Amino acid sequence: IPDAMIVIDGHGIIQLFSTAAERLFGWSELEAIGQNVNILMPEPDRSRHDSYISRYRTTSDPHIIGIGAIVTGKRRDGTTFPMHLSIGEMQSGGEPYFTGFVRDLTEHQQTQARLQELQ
């Protein structure tokens, strides 16, 4: 059962954008592909994302890879949302590539929030 998956190169450039990713983020394949993955997140992560990838490539010490994390994503329409992110590392043509699997947690957040306010 497919999820929103994205594939970037070692510079954060999108290479593949799944159909489900399109529905979640609001960007079509063609629109996303040549863009930096940072277009899918609000600030401050956005401007710091390249340094996150860079930091990892040099230190080889993961903070999300093999760990997973829940973060805020940003749609094309400008709206933000909570999402769980898992990152896999791969190799192709001698260069590193990264695979991201996104799980939308909007509903989860809403339910939890609704239960919270209804006492």
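Just count from 1 along the sequence shown to find any residue number.
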Report task. May I ask you to compare 81-89 and 60-68 by their mean CA B factor in the entry and name the higher one? Result -> 60-68
Report task. Between 45-53 and 90-98, name whichever shows the higher mean Cα B factor according to the PDB entry. Result -> 90-98
Requested in this report: Going by the recorded CA B-factors, say which third of the chain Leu105 sits in, lowest, middle or highest.
Outcome: highest
Query raised in the report: Taking the C-alpha B-factors as the PDB entry records them, is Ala113 in the lowest, middle or highest third of its chain?
Result: middle
